[PDB]
Amino acid sequence: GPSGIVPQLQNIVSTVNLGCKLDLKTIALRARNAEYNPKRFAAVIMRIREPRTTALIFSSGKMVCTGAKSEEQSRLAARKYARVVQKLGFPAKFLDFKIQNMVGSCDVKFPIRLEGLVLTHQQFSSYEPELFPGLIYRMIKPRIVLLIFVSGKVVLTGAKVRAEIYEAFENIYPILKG
DNA sequence: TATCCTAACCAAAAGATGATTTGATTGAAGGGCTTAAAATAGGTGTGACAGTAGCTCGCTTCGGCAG
């Protein structure tokens with residue numbers, strides 16, 4: 001069962017369609033937090049402090065946001081960006097919001113011998129300290145990928161909802177323990 | 001005496017014992033990646049694709065007579 005350590009999400013990724021054509025130069029010109037360098041890439045970057053997120057605009061009518069601590073918070077950040085775009089004069093809308101990715105991390109408070117983890121589970125766990133100290137572990141139920149380290153801390157990524165990260169942690173905990 | 005030994009000591013060669021200064025090492029931080037995923041958005045170059053690029057028979061010529 002659980003050890004009292006609940007995995008905590010550190011990032012969310014989400015996108016939404018603005019539903020209208022936009023001009024990147026106009027956004028960069030009229031907005032304070034907007035960043036635009038067409039010589040490098042054809043998109044505008046947006047930053048706000050509450051939520052603590054980073055997002056982008058594209059002329060084809062697309063918006064992406066990331067950096068939030070929860071999917072509801074990511075939606076709030078996206079809607080704030082949509083409001084900013086609307087008040088800048090574009091006829092934007094908040095259409096087809098989708099959560100794309102969310103990351104989590106946890107710990108077990110005991111060492112994990114990665115040698116044992118690889119030599120019992122070589123079929124889906126890949127271990128290669130030289131380029132990456134941690135052990136890389138992919139899984140099917142749910143479609144998640146993990147990073148397991150010597151200290152016992154684990155990073156979880158690829159989920160759409162916190163339930164997936166929780167159940168992934170519960171699935172791996174008996175493997176981590178023994 | 002004129003000098004040498006070497007108790008005790010001055011001057012110096014050298015031999016040693018410790019205190020201070022400076023060359024060398026490294027502790028931690030400036031820093032700056034990392035694979036794992038997930039995503040929208042994009043620009044074009046270029047590199048494959050293809051194409052062309054030791055012995056025994058047969059055959060020929062130009063005179064030397066024929067007609």
# chains A, B, ... in the order shown; residues from 1 in each chain; ligands from 1

$ interface_residues --of "chain B" --to "chain A" --cutoff "9 Å" --atoms "only C-alpha atoms (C1' of nucleotides)" --output "compact mmCIF listing (two decimals) with N, CA, C and O atoms (P, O5', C5', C4', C3', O3' and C1' of nucleotides), in the first residue's frame"
# COMPACT_ATOMS: atom_id res chain seq x y z
P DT B 34 20.09 19.16 -23.64
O5' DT B 34 20.09 17.68 -23.05
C5' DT B 34 21.15 16.80 -23.38
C4' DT B 34 21.34 15.74 -22.30
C3' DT B 34 20.09 14.97 -21.94
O3' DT B 34 19.86 13.92 -22.87
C1' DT B 34 21.28 15.60 -19.96
P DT B 35 18.99 14.18 -24.19
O5' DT B 35 18.51 12.71 -24.60
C5' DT B 35 19.33 11.59 -24.28
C4' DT B 35 18.69 10.73 -23.21
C3' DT B 35 17.24 10.32 -23.52
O3' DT B 35 16.97 8.96 -23.16
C1' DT B 35 17.33 11.27 -21.42
P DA B 36 15.86 8.11 -23.96
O5' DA B 36 14.66 7.86 -22.91
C5' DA B 36 14.23 8.92 -22.09
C4' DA B 36 12.77 8.83 -21.70
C3' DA B 36 11.83 9.56 -22.66
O3' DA B 36 11.32 8.69 -23.65
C1' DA B 36 11.58 10.49 -20.51
P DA B 37 10.78 9.30 -25.03
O5' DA B 37 9.42 10.02 -24.60
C5' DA B 37 8.43 9.27 -23.90
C4' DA B 37 7.35 10.16 -23.33
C3' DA B 37 6.74 11.13 -24.32
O3' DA B 37 5.74 10.46 -25.13
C1' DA B 37 7.23 12.27 -22.27
P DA B 38 4.17 10.51 -24.78
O5' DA B 38 3.78 12.03 -25.09
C5' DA B 38 2.66 12.62 -24.45
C4' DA B 38 2.59 14.10 -24.76
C3' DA B 38 2.62 14.44 -26.23
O3' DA B 38 1.34 14.31 -26.83
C1' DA B 38 4.07 15.90 -25.02
P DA B 39 1.18 14.50 -28.41
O5' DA B 39 1.29 16.09 -28.62
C5' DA B 39 0.37 16.95 -27.96
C4' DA B 39 0.82 18.39 -28.02
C3' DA B 39 1.10 18.93 -29.40
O3' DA B 39 -0.10 19.32 -30.05
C1' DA B 39 2.86 19.56 -27.96
P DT B 40 -0.42 18.75 -31.52
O5' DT B 40 -0.41 20.05 -32.43
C5' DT B 40 -1.29 21.12 -32.13
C4' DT B 40 -0.54 22.43 -32.04
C3' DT B 40 0.07 22.93 -33.33
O3' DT B 40 -0.90 23.50 -34.19
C1' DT B 40 1.57 23.29 -31.52
P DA B 41 -0.66 23.46 -35.78
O5' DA B 41 0.64 24.36 -35.99
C5' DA B 41 0.54 25.77 -35.84
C4' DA B 41 1.91 26.41 -35.61
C3' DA B 41 2.87 26.34 -36.78
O3' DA B 41 2.65 27.41 -37.70
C1' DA B 41 3.98 25.62 -34.82
P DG B 42 1.92 27.14 -39.10
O5' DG B 42 2.65 25.84 -39.69
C5' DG B 42 3.74 25.97 -40.61
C4' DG B 42 4.93 26.62 -39.94
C3' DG B 42 6.21 26.63 -40.76
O3' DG B 42 6.21 27.71 -41.69
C1' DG B 42 6.68 25.94 -38.54
P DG B 43 6.45 27.43 -43.25
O5' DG B 43 8.01 27.66 -43.47
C5' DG B 43 8.54 28.98 -43.47
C4' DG B 43 10.06 28.96 -43.45
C3' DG B 43 10.71 28.16 -44.58
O3' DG B 43 11.05 29.01 -45.67
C1' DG B 43 11.55 27.42 -42.47

$ select_by_dssp --residues "chain A" --states "strand (DSSP E or B)" --output "PyMOL selection string"
chain A and resi 8-17+35-36+44-48+53-58+62-66+95-106+125-127+135-139+144-148+154-159

$ atom_distance --atom1 "CA of residue 81 in chain A" --atom2 "CA of residue 7 in chain A"
28.5 Å

$ residues_around --residues "residue 89 in chain A" --least-positions-apart "3" --cutoff "12 Å" --atoms "only C-alpha atoms (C1' of nucleotides)" --output "ChimeraX atom specification"
/A:20-23,26-27,30-31,82-86,92-93

$ write_last_selection --atoms "N, CA, C and O atoms" --output "CSV table (one decimal), in the first residue's frame"
chain,number,residue,atom,x,y,z
A,20,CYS,N,-9.6,31.9,-35.1
A,20,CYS,CA,-9.5,33.1,-35.9
A,20,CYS,C,-8.0,33.3,-36.4
A,20,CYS,O,-7.1,32.8,-35.7
A,21,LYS,N,-7.9,34.1,-37.5
A,21,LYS,CA,-6.5,34.4,-37.9
A,21,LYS,C,-6.0,35.5,-37.0
A,21,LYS,O,-6.7,36.4,-36.6
A,22,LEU,N,-4.6,35.5,-36.8
A,22,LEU,CA,-3.9,36.4,-36.0
A,22,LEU,C,-2.7,36.9,-36.7
A,22,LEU,O,-2.1,36.2,-37.6
A,23,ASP,N,-2.2,38.0,-36.3
A,23,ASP,CA,-0.9,38.6,-36.8
A,23,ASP,C,0.1,38.6,-35.7
A,23,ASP,O,-0.2,39.1,-34.6
A,26,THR,N,1.5,42.1,-34.8
A,26,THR,CA,0.6,42.9,-34.0
A,26,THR,C,0.6,42.5,-32.5
A,26,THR,O,0.6,43.3,-31.6
A,27,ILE,N,0.6,41.2,-32.3
A,27,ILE,CA,0.6,40.7,-30.9
A,27,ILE,C,1.9,41.1,-30.2
A,27,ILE,O,1.9,41.6,-29.1
A,30,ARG,N,1.7,45.0,-29.5
A,30,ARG,CA,0.7,45.5,-28.6
A,30,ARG,C,0.8,44.9,-27.2
A,30,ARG,O,0.1,45.4,-26.3
A,31,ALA,N,1.5,43.8,-27.0
A,31,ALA,CA,1.5,43.1,-25.7
A,31,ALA,C,2.8,43.2,-25.0
A,31,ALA,O,3.9,43.3,-25.6
A,82,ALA,N,-6.3,33.6,-23.7
A,82,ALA,CA,-7.3,33.9,-24.7
A,82,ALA,C,-8.0,35.2,-24.4
A,82,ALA,O,-8.3,36.0,-25.4
A,83,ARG,N,-8.2,35.6,-23.1
A,83,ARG,CA,-8.8,36.9,-22.8
A,83,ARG,C,-7.8,38.0,-23.3
A,83,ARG,O,-8.2,39.0,-23.8
A,84,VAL,N,-6.5,37.8,-23.0
A,84,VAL,CA,-5.5,38.8,-23.5
A,84,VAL,C,-5.6,39.0,-25.0
A,84,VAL,O,-5.7,40.1,-25.5
A,85,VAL,N,-5.6,37.9,-25.7
A,85,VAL,CA,-5.7,38.0,-27.2
A,85,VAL,C,-7.0,38.6,-27.6
A,85,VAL,O,-7.0,39.4,-28.6
A,86,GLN,N,-8.1,38.3,-26.9
A,86,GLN,CA,-9.4,39.0,-27.3
A,86,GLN,C,-9.3,40.5,-27.1
A,86,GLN,O,-9.7,41.3,-28.0
A,92,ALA,N,-10.7,36.2,-31.1
A,92,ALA,CA,-10.4,34.8,-30.7
A,92,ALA,C,-11.5,34.2,-29.8
A,92,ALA,O,-12.3,34.9,-29.2
A,93,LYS,N,-11.4,32.9,-29.7
A,93,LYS,CA,-12.3,32.2,-28.8
A,93,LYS,C,-11.6,31.0,-28.1
A,93,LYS,O,-10.5,30.7,-28.5

$ residues_around --residues "residue 142 in chain A" --least-positions-apart "6" --cutoff "12 Å" --atoms "only C-alpha atoms (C1' of nucleotides)" --output "ChimeraX atom specification"
/A:156-172

$ write_last_selection --atoms "N, CA and C atoms" --output "PDB file, in the first residue's frame"
ATOM      1  N   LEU A 156       7.702  10.861 -13.297  1.00  0.00           N
ATOM      2  CA  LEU A 156       6.651  10.252 -14.102  1.00  0.00           C
ATOM      3  C   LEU A 156       6.176  11.262 -15.135  1.00  0.00           C
ATOM      4  N   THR A 157       6.011  10.813 -16.377  1.00  0.00           N
ATOM      5  CA  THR A 157       5.616  11.714 -17.450  1.00  0.00           C
ATOM      6  C   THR A 157       4.790  10.964 -18.486  1.00  0.00           C
ATOM      7  N   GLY A 158       3.979  11.725 -19.223  1.00  0.00           N
ATOM      8  CA  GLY A 158       3.157  11.191 -20.289  1.00  0.00           C
ATOM      9  C   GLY A 158       1.679  11.083 -19.979  1.00  0.00           C
ATOM     10  N   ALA A 159       1.253  11.460 -18.778  1.00  0.00           N
ATOM     11  CA  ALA A 159      -0.125  11.247 -18.365  1.00  0.00           C
ATOM     12  C   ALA A 159      -1.047  12.345 -18.891  1.00  0.00           C
ATOM     13  N   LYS A 160      -2.351  12.050 -18.848  1.00  0.00           N
ATOM     14  CA  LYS A 160      -3.397  13.037 -19.072  1.00  0.00           C
ATOM     15  C   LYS A 160      -4.161  13.423 -17.814  1.00  0.00           C
ATOM     16  N   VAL A 161      -4.119  12.606 -16.761  1.00  0.00           N
ATOM     17  CA  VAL A 161      -4.848  12.897 -15.531  1.00  0.00           C
ATOM     18  C   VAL A 161      -4.068  12.341 -14.348  1.00  0.00           C
ATOM     19  N   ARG A 162      -4.217  13.001 -13.196  1.00  0.00           N
ATOM     20  CA  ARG A 162      -3.460  12.619 -12.007  1.00  0.00           C
ATOM     21  C   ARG A 162      -3.755  11.189 -11.567  1.00  0.00           C
ATOM     22  N   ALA A 163      -4.937  10.663 -11.893  1.00  0.00           N
ATOM     23  CA  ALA A 163      -5.230   9.275 -11.553  1.00  0.00           C
ATOM     24  C   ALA A 163      -4.229   8.333 -12.205  1.00  0.00           C
ATOM     25  N   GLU A 164      -3.836   8.627 -13.445  1.00  0.00           N
ATOM     26  CA  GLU A 164      -2.866   7.780 -14.128  1.00  0.00           C
ATOM     27  C   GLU A 164      -1.527   7.788 -13.402  1.00  0.00           C
ATOM     28  N   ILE A 165      -1.075   8.962 -12.960  1.00  0.00           N
ATOM     29  CA  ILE A 165       0.198   9.049 -12.251  1.00  0.00           C
ATOM     30  C   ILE A 165       0.115   8.320 -10.917  1.00  0.00           C
ATOM     31  N   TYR A 166      -0.994   8.490 -10.194  1.00  0.00           N
ATOM     32  CA  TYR A 166      -1.165   7.787  -8.926  1.00  0.00           C
ATOM     33  C   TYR A 166      -1.113   6.280  -9.119  1.00  0.00           C
ATOM     34  N   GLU A 167      -1.895   5.763 -10.067  1.00  0.00           N
ATOM     35  CA  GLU A 167      -1.943   4.319 -10.258  1.00  0.00           C
ATOM     36  C   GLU A 167      -0.622   3.793 -10.806  1.00  0.00           C
ATOM     37  N   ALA A 168       0.096   4.598 -11.591  1.00  0.00           N
ATOM     38  CA  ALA A 168       1.436   4.219 -12.022  1.00  0.00           C
ATOM     39  C   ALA A 168       2.372   4.072 -10.827  1.00  0.00           C
ATOM     40  N   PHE A 169       2.318   5.030  -9.900  1.00  0.00           N
ATOM     41  CA  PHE A 169       3.131   4.934  -8.694  1.00  0.00           C
ATOM     42  C   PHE A 169       2.776   3.693  -7.887  1.00  0.00           C
ATOM     43  N   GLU A 170       1.483   3.412  -7.735  1.00  0.00           N
ATOM     44  CA  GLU A 170       1.076   2.213  -7.012  1.00  0.00           C
ATOM     45  C   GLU A 170       1.553   0.951  -7.718  1.00  0.00           C
ATOM     46  N   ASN A 171       1.558   0.960  -9.052  1.00  0.00           N
ATOM     47  CA  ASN A 171       2.009  -0.201  -9.809  1.00  0.00           C
ATOM     48  C   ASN A 171       3.503  -0.431  -9.633  1.00  0.00           C
ATOM     49  N   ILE A 172       4.294   0.644  -9.635  1.00  0.00           N
ATOM     50  CA  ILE A 172       5.744   0.482  -9.551  1.00  0.00           C
ATOM     51  C   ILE A 172       6.246   0.298  -8.124  1.00  0.00           C
TER      52      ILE A 172
END

$ atom_distance --atom1 "CA of residue 72 in chain A" --atom2 "CA of residue 152 in chain A"
29.3 Å

$ residues_around --residues "residue 68 in chain A" --least-positions-apart "4" --cutoff "6 Å" --atoms "only C-alpha atoms (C1' of nucleotides)" --output "list in words"
residues 11, 12, 53, 73 and 74 of chain A

$ write_last_selection --atoms "C-alpha atoms" --output "JSON list (two decimals), in the first residue's frame"
[["chain", "number", "residue", "atom", "x", "y", "z"],
["A", 11, "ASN", "CA", 4.07, 20.46, -15.06],
["A", 12, "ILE", "CA", 1.01, 20.36, -17.30],
["A", 53, "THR", "CA", 2.98, 29.33, -17.16],
["A", 73, "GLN", "CA", -4.70, 25.67, -13.51],
["A", 74, "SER", "CA", -3.47, 25.06, -17.06]]
